[PDB]
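Next come C-alpha cells for two forms of one protein chain, structure 1 first, structure 2 second.
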Structure 1
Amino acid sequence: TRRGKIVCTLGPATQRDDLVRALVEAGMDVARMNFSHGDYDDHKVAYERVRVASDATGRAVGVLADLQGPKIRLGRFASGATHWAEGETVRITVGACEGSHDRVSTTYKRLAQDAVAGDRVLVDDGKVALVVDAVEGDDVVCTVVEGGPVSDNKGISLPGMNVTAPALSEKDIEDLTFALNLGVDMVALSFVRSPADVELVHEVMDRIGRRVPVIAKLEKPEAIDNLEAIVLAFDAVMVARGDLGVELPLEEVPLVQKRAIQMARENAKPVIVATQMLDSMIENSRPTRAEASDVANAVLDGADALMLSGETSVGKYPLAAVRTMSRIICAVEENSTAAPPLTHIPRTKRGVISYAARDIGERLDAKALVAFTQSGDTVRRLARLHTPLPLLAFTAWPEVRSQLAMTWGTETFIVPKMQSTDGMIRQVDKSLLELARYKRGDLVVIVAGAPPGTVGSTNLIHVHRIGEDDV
C-alpha cells in the first residue's frame, strides 16, 4: 500500500451524506478546510465528520486550516456569474456599487491608487486576462484580452503591483482563532513573503495559548527568494501553484516546485504539492495524460504529499479524484520509491541516527522501521529518505499522529508514555502483534531515546525480533 500522502480540500461536494467518510476510506490523509470560502458552521460540521470517520475507520486523518491571507477578490455580480469576452471593456472599482458585467467591485481598496495603465489583471489564475487602460476616478478601466466566464468574489492577481496588505487580516485572525479552538492540527498561511511572517501567526497562538504546525504556502516571488529561511522558520511548506503560476511566469513553476521539494527534504520538513494536479477530473471520470504525469512527477521529485483542491471540494468525481491519485502514486512507488538524494550528510543527532537506522533496516531486510518521537522530528528525518520499508511512528501525543499524516510513508501508533526503553520495546511488540501483517520472530529496527519524555533526546537503535528476549 501507499507511502505518498493525499491532501483533499473539503467543500460543497463533500457535504452530502457520509462523503467525508468515503474519502477517508478511499485514502484521504489530510483534510483541508479552506477559509477563503464557507461559514463557521460549515467548517465545524466538516471537521466533525473527519473526526468521526478517522476514528471510525482507524485511519489517521490530519485537519488543516487554510487561511485566506491577503487575497484580492472581486465582488458579486447581479447575475452571480457573467462572461467577459475578448474585446470588451470592464471597470473594476474601489467604490461600492451594484455589481454587474460592466462595473464590478473588489476587496483591495488601493486598486485605483496603485494600478497604472499597462498593468495586467488575471482572473481565476488565467481563466480571463485583462490589461488596464486607465484609472477613471475610483474605477480601473480595463480591456479584456482573454475572454471567459467570471463569478462572484473570484480571485484576481495583479502581477507586478506592489500590494500592501497585512500578512494576517482581521478575518484571518478570527479564523485562526476559531480553527485553533475547534481543534485543528495544522494551519496554512497564504501569500507568505518573509520568514518572520510565522511570528505573527505564532503571536496569535500565544494569545490563545495553543500552538500548532504552521505551513507556508509558497505563492509569491518573495517566498521563493527566501526559500531556505522560510523552510527553517516554518514547519512545513506547500507549493501553491495556482497563485504561484500567475505571480511568477507559469513556465518557471515546474522548477521552483522541484527546488522547493528538495529544500524541504533537506531540512526535514513536509512538503505539499498543490493545485490542478488533476484539474481535468472536476468534470471528467478520468484525467488527462498530463495530469497523470504531473502526479507521478511530484512523487519522483520527492513530495511528502499531493493535494486536490476543486477536484474534491466542488468536483463531480471527488472519489474518483482521490482514488485515481492513489493508483498513480502507488504505480510509481511499486517501481521505486527512491527519491533525489540529499546534497549533504546529516549533521544533527536525530538526523544522523535516523540515517543509520534506515541503513541497518534495509540491509537486514527488516520487516519494519519503528521510531519513537515526541515532536515527530526524528520520524521526519527518516521519512525524507524515502525507504521502501514500512515506517512506523510511536508517540504518546495523539496530535502528532495527525501531524504525521502529511509526512511521507509514515503510519503512527499512539501509546502510553513510557519511562524505560525496555518498556518501549514491549509496547512495540504489543501494538505490532495485533496487526494482520505482523508476527512473532519478525525483525524490526527501533529508534529511541532516554530519558523518555524528552524531545530531541533520541539516542538509540535496537534490532529486535518480535517476541524474543533480545533486550
Structure 2
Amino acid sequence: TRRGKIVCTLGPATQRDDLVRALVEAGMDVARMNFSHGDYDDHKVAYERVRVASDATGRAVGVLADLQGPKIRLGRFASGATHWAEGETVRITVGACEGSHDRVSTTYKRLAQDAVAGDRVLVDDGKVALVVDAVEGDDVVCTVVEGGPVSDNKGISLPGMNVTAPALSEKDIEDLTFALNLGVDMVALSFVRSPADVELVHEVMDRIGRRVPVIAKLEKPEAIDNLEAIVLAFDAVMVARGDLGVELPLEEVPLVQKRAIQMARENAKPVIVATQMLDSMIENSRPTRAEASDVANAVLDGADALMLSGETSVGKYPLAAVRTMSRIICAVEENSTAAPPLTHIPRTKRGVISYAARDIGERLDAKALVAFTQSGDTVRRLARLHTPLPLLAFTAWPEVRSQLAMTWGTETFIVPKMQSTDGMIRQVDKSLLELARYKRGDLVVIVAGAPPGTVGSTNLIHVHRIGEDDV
C-alpha cells in the first residue's frame, strides 16, 4: 500500500450523498476546507461527513482549514458577469460602486495608491490579463491584453506590485475562530511573506485557547526569499503553485517547489505540493501525460503529500482523480521510495535516533519501524528519510493521528498513555497483533522515550520480536 499522502479539497462536487465517504475509501488522507468559498453550514456539514467517514473506515483523515488570506478580488457587476475582450478599456476603482463592463470595484483599497502604468493584472490565476494605462484619482484604467470572462468577486494578481495588507484579514480571524471551535486538526495561511505571520495566527489561537499546526502556503516572492525562516517558524509548508505561478514567473516554480520540499525535509516539516497536478481531470476521466509526470516528479522530489484542488472541489471525476493520483504515486514507490539525500548529518537527539532506527530496521529486514510520539516530531524525523519499511506512529493524543495524516509513509495507532517503556512495547505487541499482517515472532524496531509522555524525551531503540520475552 501507498506511502505518499493525498490531500483533497471539499466543495460542491463532494457534497453529493456519501461522496466524502467515497473519497476517504479511495485514499483521501487530508480534507482541505477552502474558506474562500462556501457558508459555515457547508463547512460544518463537510467536516461532519469527514469525521464519520474517518471513524467509520478507521482511516485517519486530517481536516485542514485553508484561510483565504489578503486575497485581492474584483467587486460585483450589475450583470453578475461580463466579457472582457482583447482591446477593451476597463476601470478598476477603490471607490464604492456596483460594477459594469467598463467600471468595477476591488477589495484592495490601496490600488489607486500602489498601481502605476505598465503594471500587469492577471485574473482567475492568469486567463484574462490587463495592463495598467492610467490611475485617475480613485480609478485604475487598464487595457485587456488577453481577453475572456470575469464574474462577481473574481480574484486578481498584481505581480511585483508591493501589497500592504494584514497577514490575517478580519474575515480570516472569524474563519480561524469558527474552524478551531469546529475541531479542525491543522490551519493553512494563504500569502505568507514573513516568518512573523505565524505569531498573529498563534495570538488568535491563544485567545480561543486552542493551537493546531499552522501550514505556511508558499505563493509570494517574499515567502521564497525567506523560505528557511518561514519553514522553521511554521509547522508545515504548502507549495501553492496556482498563485506562486502568477506572483513569480511560472517557469521559476518547478525549482522553487524542489528547493522548498528539500527545505521542509531538512527541518522535519510536512510539505504539500498543490494545484493543477491533474487539472484536466476536472473535465476528463484520464489526465495528460504532463499531469501524470507532474505527480510522479512531486513523489521523487520528496513531497510528504500531493493535493487536489478543483479536481475534487468542483470536478466531474473527484473519485477518479483521487484513484488516479493514488495509482501514479504507487507506480513510483513500487520502483523505489528513495528521496534526495539530506545535505546535513542530523544533530538533534530525535534526528540522530530516528536515523539510527531506520538503519537498524532496513539492515535487519524488520517488518516495521515503530516510533512513540507526543508531538509527532520523532516520527517526522523518520518519515523525511523515506524508508520502504512500514512506519507506525504510536501516540496517546488522537489529534496527533489526524496531524500525521499528512506526514509521508506514516500510519498512526492510538494507545493509552503508558508510564513505562516496557508498557509501550506491550502496547505495540497488543495493537499490532490485532492486524492479520503482523504475527508473533515478526521482528520490529521500536523508538521510545522516558520519562514517558514528555516531548523530546525520545532516547531508546529496541529490536523486538512480537510476543517474545526480549524486553
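Definition used throughout: the rigid core is the maximal C-alpha set that superposes within 1.5 Å between two forms. Numbering for residues begins at 1 and runs along the sequence of structure 1.
The chain shifts as two rigid parts between structure 1 and structure 2, and residue 278 rides on the other part from residue 164. As a two-part rigid-body motion between structure 1 and structure 2, the smaller part of the chain turns against the larger by 9°, taken from C-alpha fits. Look at residue 79: with the core superposed, its C-alpha moves 4.2 Å between structure 1 and structure 2. On core superposition, residue 100 has its C-alpha offset by 3.3 angstrom between structure 1 and structure 2. Look at residue 155: with the core superposed, its C-alpha moves 1.2 Å between structure 1 and structure 2.
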